[PDB]
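Sequences listed follow chains A and B, in order.
Its first residue numbered 1, the first sequence is counted upward by one per residue in this note's numbering.
Its first residue numbered 1001, the second sequence is counted upward by one per residue in this note's numbering.
C-beta atoms are modelled at their ideal positions from N, C-alpha and C, and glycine is treated no differently.
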Amino acid sequence: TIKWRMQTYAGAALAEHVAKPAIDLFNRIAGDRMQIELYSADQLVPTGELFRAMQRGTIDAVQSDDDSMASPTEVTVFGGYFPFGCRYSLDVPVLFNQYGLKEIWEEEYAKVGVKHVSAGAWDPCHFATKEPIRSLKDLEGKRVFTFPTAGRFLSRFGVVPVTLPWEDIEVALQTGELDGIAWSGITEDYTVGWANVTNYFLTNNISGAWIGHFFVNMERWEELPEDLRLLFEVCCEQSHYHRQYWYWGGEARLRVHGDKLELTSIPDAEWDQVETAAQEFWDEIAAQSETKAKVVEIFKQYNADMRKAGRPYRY
Amino acid sequence: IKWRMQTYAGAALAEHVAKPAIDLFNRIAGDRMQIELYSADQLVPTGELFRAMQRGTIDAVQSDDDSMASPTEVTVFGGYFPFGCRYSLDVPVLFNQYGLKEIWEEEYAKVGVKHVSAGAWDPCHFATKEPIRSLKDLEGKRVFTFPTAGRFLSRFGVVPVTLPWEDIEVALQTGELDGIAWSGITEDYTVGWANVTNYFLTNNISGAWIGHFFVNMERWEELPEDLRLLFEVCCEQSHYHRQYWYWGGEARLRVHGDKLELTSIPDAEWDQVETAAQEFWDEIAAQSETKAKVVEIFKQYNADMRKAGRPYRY
Ligand SMILES: [Cl-]
Ligand SMILES: [Cl-]
Ligand SMILES: [Cl-]
Ligand SMILES: [Cl-]
């Protein structure tokens, strides 16, 4: 009866793990009442058009971060990898459900005809590169695929952010068009084959957890009967849950036992310059609007409270 | 289809740890199937709960293995296996990636029960009327806890006491319970135990309780595919909700809660408890091959966390 098309930010090999299992489950349960067809990175429309395509109803739903999509909202810069925002993946659903971020995202997207269904965590952000990164100077001049706001941050350190479609990254790494990636953690690197075409993995992250969401065109959302609305919401939470343990398990296991990437580390005392720079970056963002200031203050109070709480949040 | 589920949780706790997902299931399933949810000891007492499900009097159960004393080789790892998990996410990873799901499934299938899914709940902390500032202060304390964690704690002079969950609040404000070692701070505030205790010891004896959804195997096999899948997804939703409910609650209440004063035993002193837990695991391992295999999985997992480093270990 009801037919949706969903496009995800994830390339095909990544979609197999971060969206497909929950959509397949939705489809097995819904049966003839409703089916969701899942399309991967840049398949139905280009990234630059993803948000507008959903808004106007060409595509019914989207799984994506705000930042790569360049959504016309005040919270776009907090999606993807907001530098040093969340130490832990569970910080994301806690910030959204308990510290007010859900209501802010709902309002921002509704103003533009889109239903924010649910936010979730993905992986930490690490450099994986052809050449080893052992110091901050080693970052200078490197052409790396990353997210827009993270890239803007990293530019302070001489990184050159380069944007290409996801399906092209593997060959771009192979030819040296890219010097590396700062788009993902180690789980994705091994799963999607990027570990096969890069050599080194830097242990110092610039975010403990990517922020992405499920979104639906508001008119399509309002057309849903209640039981299918609830079924979609639950399947999306199942998708988020699966990612919580897929990444928690994958990052540790592959760091310790993987053999396709050699680990490097920048000394803490040196990396502290990157953390310092990040809090100036947050201030620059807060300067830009009231909503941005509000969200930055929430990130600050949350992180300050983690320090006061102690173990196992902070040591 | 008509099912009755009984949870280990008291009524005030069940509102957070089972009811939302069962209500969602019921709204989605409609006339196809309904699950009536009962709380702690409501249809049958805890000590009869496993056999009641096995026999089919009750169709489904939300519980740890330990408090209902399931007759299996893995029962001692449910609830609060001392120092087994530092983090809540360790539970679904151990189950889904390090083989514990298949072991639980085989063990329960043997005794007529479907293990549907495991999940994490909260860390285990002492909440008490008098302050704990040293190990000697543990001696003599009558506390509500789980059977296996209680057997461990007994070596330190702790008196594990087993009462029905709904009786605990009054036992604390009046009459020989000196405290609880059954929960973390989120439950303590939510269910009212923080109103009748004064102190919260920051040194946990486990970072994450292990519980599960179980179904009578005959009832499980009778389910239509679509309803089985719906039940499984709603259970995962319940686990997800608890992952963030506890992650958010423990920190917030430690920092902003006004009802319990935080105390700490020095790390050097608390090392004695960690040492004793090591010995406890070895005792368990020696009891059977299945126990030995599970203990080895916990040891290897914790070893690999130290090798992995941040943010798993610092
Ligand atoms: Cl998924
Ligand atoms: Cl959300
Ligand atoms: Cl629930
Ligand atoms: Cl499981």
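query                                                                                                                                                                                                                   : result
Which of helix, strand or coil does DSSP assign to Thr291/A?                                                                                                                                                            : helix
With a threshold of 7 angstroms, establish whether the CB of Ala119/A neighbours any heavy atom of ligand 2.                                                                                                            : yes
Is it buried or exposed, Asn1216/B, if we count other Cβ atoms within 10 angstroms and call 16 or more buried?                                                                                                          : buried
What does DSSP give as the partner residues of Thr1128/B in its beta bridges?                                                                                                                                           : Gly1179/B and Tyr1199/B
Any residues in the region 217-240 of chain A with a beta carbon nearer than 8 angstroms to a beta carbon of chain B? Which ones, in chain order?                                                                       : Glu226, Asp227, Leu230, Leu231, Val234, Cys235, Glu237, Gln238 and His240
Please list, in chain order, all residues of the same chain as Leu1024/B whose beta carbon is under 8 angstroms from its beta carbon, the five residues on each side excluded.                                          : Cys1234 and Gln1237
List, in order along the chain, the chain B residues whose C-beta lies closer than 7 angstroms to that of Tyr109/A?                                                                                                     : None at all; the shortest Cβ gap to chain B is about 21 angstroms.
Return helix, strand or coil for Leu1037/B, following the three-state DSSP convention.                                                                                                                                  : strand
Tell me which residues of the region 1066-1100 of chain B have at least one Cβ-Cβ distance to chain A shorter than 7 angstroms, keeping chain order.                                                                    : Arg1086, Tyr1087, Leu1089, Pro1092, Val1093, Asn1096 and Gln1097
Establish whether the CB of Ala1308/B and some CB of chain A are separated by less than 8 angstroms.                                                                                                                    : yes
Of the choices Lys1019/B, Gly1184/B, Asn1096/B and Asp1059/B, whose alpha-carbon is the least far from that of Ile1205/B?                                                                                               : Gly1184/B
Buried or exposed for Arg255/A, please, with buried defined as at least 16 other CB atoms from any protein chain shown within 10 angstroms of its CB.                                                                   : buried
Hey, is the region 1137-1147 of chain B in contact with the region 1178-1196 of chain B, meaning 3+ C-beta pairs nearer than 8 angstroms?                                                                               : yes
Can you have a look at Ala1194/B and say buried or exposed, based on whether 16 or more other CB atoms are within 10 angstroms of its CB?                                                                               : buried
What's the gap between the Cα of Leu1153/B and the Cα of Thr1/A?                                                                                                                                                        : 59 angstroms
What do you reckon, is the C-beta of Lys102/A under 7 angstroms from a heavy atom of ligand 2?                                                                                                                          : yes
Applying the criterion that 16 or more other CB atoms from any shown protein chain within 10 Å of the CB defines a buried residue, is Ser1117/B buried or exposed?                                                      : buried
Taking just the CA atoms, how far does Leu164/A sit from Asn199/A?                                                                                                                                                      : 20 angstroms
Less than 8 angstroms between the C-beta atoms of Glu167/A and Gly11/A, yes or no?                                                                                                                                      : yes
Does the distance between the C-beta of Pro21/A and the nearest non-hydrogen atom of ligand 1 fall short of 7 angstroms?                                                                                                : yes
Beta-carbon of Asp305/A versus every beta-carbon of chain B: anything under 8 angstroms?                                                                                                                                : yes
For the region 1263-1271 of chain B against the region 1120-1133 of chain B, do three or more pairs of beta-carbon atoms, one drawn from each stretch, fall closer than 8 angstroms, so that the two count as touching? : yes
Could I get the ranges of all uninterrupted alpha helix (DSSP H) runs contained in the region 13-60 of chain A, with 4 residues as the minimum, in chain order?                                                         : 20-30 and 47-56
Have a look at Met54/A and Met1305/B and give me their C-alpha separation to the nearest angstrom.                                                                                                                      : 42 angstroms
Against chain B, does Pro312/A count as a neighbour if the rule is that its beta carbon must be under 8 angstroms from one of theirs?                                                                                   : yes
Is it the case that the Cβ atoms of residue 1323/B and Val1294/B are separated by a distance below 8 angstroms?                                                                                                         : Here chain B covers residues 1001 to 1314 and nothing more, so residue 1323/B does not appear.
Is the beta carbon of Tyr9/A closer than 8 angstroms to that of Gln63/A?                                                                                                                                                : yes
Rounded to whole angstroms, what is the Cα-Cα separation between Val1158/B and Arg134/A?                                                                                                                                : 51 angstroms
How do the region 1104-1112 of chain B and the region 1211-1227 of chain B stand: do at least 3 beta-carbon pairs fall below 8 angstroms, yes or no?                                                                    : yes
Which residues does DSSP pair with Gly212/A in a beta bridge?                                                                                                                                                           : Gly120/A
Are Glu108/A and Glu74/A closer than 8 angstroms when you measure CB to CB?                                                                                                                                             : yes
If you draw a straight line from the C-alpha of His213/A to the C-alpha of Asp227/A, how long is it?                                                                                                                    : 21 angstroms
DSSP state of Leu95/A, grouped into three classes?                                                                                                                                                                      : helix
Between the Cα of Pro1123/B and those of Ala1029/B, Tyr1038/B, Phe1081/B and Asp1267/B, spot the shortest distance and give me the residue it belongs to.                                                               : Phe1081/B
Quick one: which residues of the region 1240-1251 of chain B get their C-beta closer than 7 angstroms to a C-beta of chain A? List them in chain order.                                                                 : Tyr1240, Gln1243, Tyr1244, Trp1247, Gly1248 and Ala1251
Taking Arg1254/B as the query, report the chain A residues whose CB atoms sit under 7 angstroms from its CB, ordered along the chain.                                                                                   : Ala309
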